[PDB]
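Heads up: the protein sequence lines correspond to chains D and A, in order. The numbers in the entry's author numbering rise by one with no breaks, and the one at position 1 of the first sequence is 7. The numbers in the entry's author numbering rise by one with no breaks, and the one at position 797 of the second sequence is 1843.
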Amino acid sequence: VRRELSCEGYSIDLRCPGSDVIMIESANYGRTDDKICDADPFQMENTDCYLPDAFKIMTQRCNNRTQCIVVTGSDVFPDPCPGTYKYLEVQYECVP
Amino acid sequence: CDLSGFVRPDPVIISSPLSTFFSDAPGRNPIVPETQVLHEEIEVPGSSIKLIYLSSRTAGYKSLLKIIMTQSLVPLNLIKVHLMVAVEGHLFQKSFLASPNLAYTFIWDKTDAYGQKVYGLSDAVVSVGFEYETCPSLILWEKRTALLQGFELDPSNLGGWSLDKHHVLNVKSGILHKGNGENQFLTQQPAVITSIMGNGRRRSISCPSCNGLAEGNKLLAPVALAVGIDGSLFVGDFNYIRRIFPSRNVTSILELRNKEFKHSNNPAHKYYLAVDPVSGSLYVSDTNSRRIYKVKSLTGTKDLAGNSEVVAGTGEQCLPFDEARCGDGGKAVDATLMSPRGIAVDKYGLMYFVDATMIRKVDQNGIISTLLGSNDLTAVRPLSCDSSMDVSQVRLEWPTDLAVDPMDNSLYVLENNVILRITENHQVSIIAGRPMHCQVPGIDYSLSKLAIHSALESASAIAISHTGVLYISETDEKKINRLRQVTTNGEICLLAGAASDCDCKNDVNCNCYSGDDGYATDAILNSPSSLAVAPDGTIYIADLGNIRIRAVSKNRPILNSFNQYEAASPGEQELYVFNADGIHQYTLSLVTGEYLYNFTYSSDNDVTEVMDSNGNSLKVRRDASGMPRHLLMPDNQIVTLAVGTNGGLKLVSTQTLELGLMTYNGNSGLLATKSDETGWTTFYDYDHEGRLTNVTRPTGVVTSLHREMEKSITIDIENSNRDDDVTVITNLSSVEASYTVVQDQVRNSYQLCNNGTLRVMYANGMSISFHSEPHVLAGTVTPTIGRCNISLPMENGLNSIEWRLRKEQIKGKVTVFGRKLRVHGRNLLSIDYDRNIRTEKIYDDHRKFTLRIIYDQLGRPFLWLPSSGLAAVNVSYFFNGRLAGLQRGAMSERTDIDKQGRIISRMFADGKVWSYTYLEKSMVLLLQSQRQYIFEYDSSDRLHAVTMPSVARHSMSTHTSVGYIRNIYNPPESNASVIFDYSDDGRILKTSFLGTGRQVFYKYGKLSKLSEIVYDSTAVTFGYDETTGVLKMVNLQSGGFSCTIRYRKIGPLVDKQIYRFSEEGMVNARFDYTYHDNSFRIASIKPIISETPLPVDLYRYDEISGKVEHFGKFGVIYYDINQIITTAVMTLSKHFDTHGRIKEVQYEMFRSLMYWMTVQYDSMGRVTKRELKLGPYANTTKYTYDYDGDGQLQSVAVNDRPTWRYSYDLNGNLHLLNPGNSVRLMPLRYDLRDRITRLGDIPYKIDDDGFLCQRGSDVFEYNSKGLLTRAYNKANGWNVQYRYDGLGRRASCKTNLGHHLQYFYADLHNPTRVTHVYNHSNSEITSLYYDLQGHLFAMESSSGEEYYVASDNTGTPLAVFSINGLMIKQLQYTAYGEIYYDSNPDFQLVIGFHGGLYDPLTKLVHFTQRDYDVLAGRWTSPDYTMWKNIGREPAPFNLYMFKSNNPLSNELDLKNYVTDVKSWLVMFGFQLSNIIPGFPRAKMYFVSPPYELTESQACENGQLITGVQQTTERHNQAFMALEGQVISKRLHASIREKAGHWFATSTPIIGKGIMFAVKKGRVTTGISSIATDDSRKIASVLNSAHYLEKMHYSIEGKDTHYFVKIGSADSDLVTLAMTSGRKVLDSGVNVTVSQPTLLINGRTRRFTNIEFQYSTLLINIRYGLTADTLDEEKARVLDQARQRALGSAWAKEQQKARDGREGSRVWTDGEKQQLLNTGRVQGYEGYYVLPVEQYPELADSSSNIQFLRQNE
Ligand SMILES: *[C@@H]1O[C@H](CO)[C@@H](O[C@@H]2O[C@H](CO)[C@@H](O[C@@H]3O[C@H](CO[C@H]4O[C@H](CO)[C@@H](O)[C@H](O[C@H]5O[C@H](CO)[C@@H](O)[C@H](O)[C@@H]5O)[C@@H]4O)[C@@H](O)[C@H](O[C@H]4O[C@H](CO)[C@@H](O)[C@H](O)[C@@H]4O[C@H]4O[C@H](CO)[C@@H](O)[C@H](O)[C@@H]4O[C@H]4O[C@H](CO)[C@@H](O)[C@H](O)[C@@H]4O)[C@@H]3O)[C@H](O)[C@H]2NC(C)=O)[C@H](O)[C@H]1NC(C)=O
Ligand SMILES: *[C@@H]1O[C@H](CO)[C@@H](O[C@@H]2O[C@H](CO)[C@@H](O)[C@H](O)[C@H]2NC(C)=O)[C@H](O)[C@H]1NC(C)=O
Ligand SMILES: *[C@@H]1O[C@H](CO)[C@@H](O[C@@H]2O[C@H](CO)[C@@H](O)[C@H](O)[C@H]2NC(C)=O)[C@H](O)[C@H]1NC(C)=O
Ligand SMILES: *[C@@H]1O[C@H](CO)[C@@H](O[C@@H]2O[C@H](CO)[C@@H](O)[C@H](O)[C@H]2NC(C)=O)[C@H](O)[C@H]1NC(C)=O
Ligand SMILES: *[C@@H]1O[C@H](CO)[C@@H](O)[C@H](O)[C@H]1NC(C)=O
């Protein structure tokens, strides 16, 4: 298992060695912790912000690829909690 | 007489700067240049608390006031100039005659008119008068104010000295006087803005509940302000006039019936207030009612509407052209007013007011008149820009506010954005503002700090303080809403009100109210209408737009609910608590909140006990009068204190040691002399002003400080021994204190601004701006650097670092203190401390790093809990808080202490125990193997001798010499001395090896940086840029050969590196570097070797951690602490265990495993098992390692079968081994000095310096620098020559067998790392690639070939794989690095054992500073620098043994126990050095680099000579601090360390209490009270002598210094009480008087000779009468040195012929035979290579001699 995390507006970079390809294990766009991605008091107001389609979006964009770049924002993901400063948290593997 | 248009006096007043500067290390540098202050210290045993002396905390340190009253041009009619100075009741008066550039400097003794001491800060009133020839009776006067520093408070009362941790607060002046010498003038910090009345909401017109507390009390419209004689603030709150009492309570005193709620913000209904200073009467003037009123009762009666009485006006508005002149000449009550505006009341009680366009008077009798008489348009002349005209010539257009100057008694008028002054003599002049008369091009130079040259933008109000300071309110009502200050000198600056981005009147979504309870310059005001100055100097603002009254106050500590004062030091992370009298109660941690120090006093408030957090109490035992007797240390040790009759601390001593001996200059308190236990006496000289002028040392070195006090204060710093002249220029203004540090043409600028900003503009081009903010915990009283904006001279050179502080309060008490580090709006790290659970959480913003540090009940960190399942680190402490033990999983190291606090035992987790026994200054260290080391010490804990288990005794000594401190190490039973000569500042000057005569000379230039290195016939020069001061060139010159390294820099960063050679065949190199935008990160490296461009290597990083994500063609992946290096072809996986040690390496190529290694360790971290598979189909080999009782490698087994055996001497010398692959056991032999003599049957030869000389037939030639220049074997027919650069790195390798390689160092972070190799036989370049641990893993050729290297745990290459994944080379090494198997010997590998450069001919592995012998298993030379710290840290040691005879494991150090945040971060791949500019990079060196190499990297860092440079460094270091508290990771006792003193001090010739100075080769001596009679005899003889500069030599082991005296020895012979022979003094010093006869170049000469000698130090004096005496002695000493150089060179040449070794010159069979029989060769003579005329220090050097015939 490999881990990547990026705050809102920043890209997440996934890379596999040689000919190995990405396989998405888990993904979430939102907020599950009060300490991750520091901002105004309004950031820590919601630790139960989940996007069910985050796994589907990451799977479609990154699976079977040597590398993947995804921006943590409104251009790629819907908003599961407007007003709360979000982040994209992903767990993945490199398979043949 | 009438003086109109006459030149007014414009004096320039310069006050002596405040003592704000102190030293970071008073023991290293006691001189504070800017304030000419001496900052000294005395370290006491048993405590970390020091005794501090600051020369500014004395009576002798006077206050200065330079008054320049006249310039180069003098007015025509001027005849006399008068001066008046008023300070604390004193009145100095002096008359002078008119002269160009006339100036006087006033000296204040810091006393009042009653002769009593004045403490804190005082105000001086300077009056300058101009008497003209036209009128001798009248004098034109001008009053100006200046700030003078008074007496500083003495907290500790220890004879002028203070306790390091003991502070005091001056409550009246607002000054924090710290015991360490730090002074914090709190009132000089940024001004604070607060709301004293109003809440931003309007009250009802009826004023219900208006009589209560001022704070938060609703206002309607504050249009006028006036301060009463009581200190009360009268508020013109539109409808009502409300009085704010000093008790902070409000009561309505007068109601105005003509005011309606609708007209609140109407300018027509605006009225003006004024307080009469005579009687506290309040005058009201309403423009709308056309009258002036006086408040009857200031307490407020029942009927408030009728509490006023008419002073002037009837109520009717009179026409502009009135016949009766609106009632002028008669009673004011009966008169009529046009429109009364601003009112001001004179000192005499005279009332002045603005009436439409004129100024009218109302005298004591009640008669109205006109001061500025209008309607006289004919006599009116337009406003003169320079000259001052009478009231009659002045016309006023739209005048508003009016105020009296309480210092001048002059009237100030605010008229159409121009402030004018009406003097008592009725003279009018422009004070502030630029009229249209001389707008453009009135001033060609444009911008200046003067008020006359600065235009006023919509001014509304004016106020004048008692110090004559004018405050101007400016309101545009849109964006301009500010308060400006005009000082007595005429300078204008912003005091309050930042430029608002938003429109206050037009924009609806706007908030023009901010900055309250913060700094004034940052605050945003809204429509300021009126101003008033409080008695304490605070400025009140009628902030009409925000319906509030705001106060701009001096930054001061406020009395809390507990009747206590609080101040803090964020840099030291401390909070100081003082009582109501400013007496130091406690010192708490600013982070932890735990008590660090508790102070208890006597009945007379004299400090008697300092109790630390650990329970260590330092008691001050005192007399009934408060006089100190002694100090009772925490270990119950008595430190005797003797205070002299002058009140100065005379003696500080223990029962054995004399820690300090001092003498003072009379009753001034100025420290004259200071002596220690060694007898080293420092002499201090001051001027009559008490400013430090000279510092003389026993070395003869004098540091001089010269002050030139003009418009700018310049301090010149000079040294008698160096050409490093430093000059500091100080320019003090209203906005900032400007400093310029000049070294030749290299200028560094420093700016300390009033807003709290510190700006540095380095000569290199880089600028740093530190910005202050009030502390989140301590408040406005302590400004903190929370922002740092960096600028580099490049395209995208703007960088920004930020510290965001926060707090969590539960029930009014601090629970959590958070700190977040940010770079360009991104959080990198957060350090939060939770006081409730005592944990310090350090965490990343992306779940990558998490560390928790647990603190005990005493507030000490004891447990480090890391993430990723890593082994936790825990520590033990003794009762006194000293570190007892350390533990990291299974690894532990504990100690036991004495009742005296000395380590008696050392326990390891494997059961190993070391015992420490103390017996009469000697310590015996015994190991369980019964190996014994005896360390003999001084009273000062400095080594005298070291006895090894072999019973061989090594001896050491240190002595003060002429211009330096000499450190001598003598090997067992040998005279072959190893000497390290250091300057007074601790810089290396000379390294000498007396055995063969090896010498390395270090010279320092004009920038106080390394300029030259001279050894043998080689000269290395360091060139610096004349303007930027950066290192531009490094050139090595050895005869014909020249090696030049040139640099180009972007600020302090290298962007270009050039390599140039003078040799025929040698190729040149160029490396171009680029940096990532808005960072200090290297983005690319572009090499060009032999004019052949190579591919660019790109570098990619993680912006949050600094982790290298991509380098060249390689990509890096990080997971926990493990790393993966990937390519489309290869994957290199590195796995680390819980202790951060490598456990598995995996090298895959084309998805196939090429190499894998597994390392296993014991409890102590020693390698016990290693499994290796070299190749995809090869078998796996298991290696098992066993260690002896001392952790020395005993045996190595291959697949559980014993193959190698190792045995050791009592000294740790490897005396038994199985060489290479052999089963045969070979013995090694050693002499008394631990030098190898035999390896089996092969004899070894090590010279008298400790360097490898021969191994059988192999001959090795090491230079003075310790570098192998040549190696050959005549029998085997091979020869190898090496070339080195100026930084001590190997540049080339050339053999007689065709081999020729060149080495290049392109890595700026790893300067000793070989990155490129040029091969001359095929002309191809090899690029070397290293992993994150520094091990070689890949290679790339310029031909297109790619190689993949398999390296072990030590960085040793074991296998090479081709571009097609095929193993082409496989190597097998023994534990000590000897190759026994090589599958392909033709494939030449540059890097060998332990990552060094291996040579297959010599069998040596090269590391930049040392060479390692693979056959013997030891180094080829000793590291003599080991002797410097072996005394402080005693342990088993050997000068030659490799890695403590454990070659496969990482060297055991206390750094293995991770107890600091920066070290934990490094493990996780984090590189803070890449994200935080200036942050120290973690050193990746096996062998320490040479002095010049480490110096070339650190020279770009800012210098620390001056006080402003040290202030800047404190700002930088405090900004880079991570943990709130750092532990002292030391399992050894603290030793008092002196600069350049390594060993036990020898009795000096220049005795204690004797002054010795050598200025321009001339000797001067002085005598103090403590000096003995025999020491005074030496001083008397040495006085007026001339020293032979650069002509001092080491002759027969003696440190000889030559001197000359012009005259007769008769006078000096009477002093010595001898005629001839040798005499022994009380000190033991030998005095030898003789009359030698010398034959120098055919000339015979006889003279008297007096010689002073103690041990190796020899001082020689020659007597003569002629002027040529100095020139004759110079010619004599050089001829005698030439004889020594020639004698030695011919002897060495004869020995080379005898040994069968190659000589310096090619001799024929006849020439060689002549040399063997006679010793000399006919026709041949020795000549100097480096000229003796430029290099007199190499006059006796045989290595600087070449044999040549007369043919040349
Ligand atoms: C600075 O620059 C210098 C150049 O100016 C440079 O010096 C040169 O370095 C290269 C590389 O090391 C040297 O080349 C080597 O020469 C070896 C010597 O072999 C000679 O002798 C044999 C008879 O005894 C001849 O058969 C052989 O002929 C071959 O080469 C001819 C070219 O001259 C060619 O015309 C022929 O057709 C024929 O092919 C030759 O005259 C040579 O053995 C060596 O080859 C091995 O190494 C290569 C990689 O370096 C491999 O690609 C290659 O396959 C070889 O590996 C095999 O041998 C190794 C050693 O025994 C084993 O470790 C390998 O596992 C492998 O063994 C297998 O294959 C064998 C058959 O191929 C078989 O017998 C085994 O059983 C096993 O199955 C290589 O070509 C060159 O001589 C140097 N040049 C000069 C002018 O000095 C210097 O190093 C540079 N310095 C630095 C610091 O960079
Ligand atoms: C680090 O913590 C360990 C506990 O994990 C300490 O080990 C204990 O030490 C005492 C002696 O003071 C022994 O009696 C116990 O048996 C040990 N506890 C156990 C069960 O592990 C250790 O002393 C600490 N290390 C240091 C040097 O402070
Ligand atoms: C170390 O001791 C040796 C021997 O005492 C010194 O060498 C002698 O020096 C004198 C004077 O220069 C010569 O006349 C002798 O011929 C030398 N003796 C021999 C045979 O070596 C040497 O100078 C001393 N060196 C130091 C560093 O003091
Ligand atoms: C003063 O001079 C005497 C005589 O030259 C020195 O004493 C000699 O020192 C050497 C070396 O320690 C001894 O081997 C001799 O036995 C001593 N000779 C005599 C005759 O006393 C003495 O060391 C000198 N003083 C100092 C402190 O350097
Ligand atoms: C100040 O005003 C309060 C009402 O707000 C009143 O209770 C108190 O007595 C007054 N205190 C003084 C200073 O007299």
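All C-beta atoms in this analysis are idealised placements derived from N, C-alpha and C, irrespective of residue type, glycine included.
A straight line joining the alpha-carbon of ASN1767 of chain A with that of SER1118 of chain A spans about 39 angstroms. In the three-state scheme derived from DSSP, where H, G and I count as helix and E and B as strand, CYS68 of chain D is classed as helix.
Assigned with DSSP and collapsed to three states, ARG1294 of chain A falls in coil, not helix or strand. Beta-carbon to beta-carbon, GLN2549 of chain A and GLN2543 of chain A are separated by about 15 angstroms, too far to satisfy the 8 angstroms threshold. With fewer than 16 other CB atoms across the displayed protein chains lying within 10 angstroms of its CB, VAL2142 of chain A is exposed. Within the region 1375-1444 of chain A, complete beta strand (DSSP E) segments of at least 3 residues are found at 1386-1391, 1397-1401, 1404-1408 and 1414-1416, given in chain order.
A distance below 8 angstroms separates the beta carbons of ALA2625 of chain A and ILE2600 of chain A.
In summary, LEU1222 of chain A is buried, with 16 or more beta-carbon neighbours lying within 10 Å of its beta-carbon over all protein chains present. By the beta-carbon neighbour count (other beta carbons within 10 angstroms, threshold 16), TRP1444 of chain A is exposed. In this structure the region 2133-2151 of chain A does not lie against the region 2496-2509 of chain A, because fewer than three pairs of beta carbons, one per stretch, are closer than 8 angstroms.
Excluding sequence positions up to five before and after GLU1756 of chain A, its CB lies within less than 8 angstroms of the CB of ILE1060, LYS1112 and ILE1114, all in the same chain and listed in chain order. Cβ-Cβ distances below 8 angstroms link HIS2000 of chain A to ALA1991, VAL1992, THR1993, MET1994, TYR2015, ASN2016, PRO2017 and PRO2018 in the same chain, with the five nearest sequence neighbours on each side left out; the list follows chain order. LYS1600 of chain A and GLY1196 of chain A have their alpha carbons spaced roughly 19 angstroms apart. For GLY2161 of chain A, the neighbours in chain D by C-beta distance under 9 angstroms run, in chain order, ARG21 and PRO23. Looking from the CA of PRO2446 of chain A, the closest CA among A:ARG2456, A:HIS2440, A:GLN2455 and A:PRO2431 belongs to A:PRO2431.
Sequence-distant partners of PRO2535 of chain A (beyond 5 residues in either direction) whose C-beta falls short of 6 angstroms from its own C-beta, in its chain, are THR2358 and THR2454. At a cut-off of 8 angstroms between beta-carbon atoms, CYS55 of chain D makes no contact with chain A. Within the region 1866-1885 of chain A, those residues whose Cβ lies closer than 9 angstroms to any Cβ of chain D are, in chain order, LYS1866, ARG1868, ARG1872, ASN1873 and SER1876. Not one heavy atom of ligand 2 lies closer than 7 angstroms to the C-beta of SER1061 of chain A. Per DSSP, the unbroken beta strand (DSSP E) holding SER1813 of chain A starts and ends at 1813-1821. The residues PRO1292 and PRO1581, in chain order, have a CB closer than 6 angstroms to that of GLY1277 of chain A in the same chain once the five nearest residues on each side in sequence are set aside. For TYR1889 of chain A, the residues of chain D that pass the 7 angstroms Cβ criterion are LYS41, in the order they occur in the chain. Non-local C-beta neighbours of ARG2106 of chain A in its own chain, meaning closer than 6 angstroms and more than five positions away in sequence, comprise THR2090 and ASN2114, ordered along the chain.
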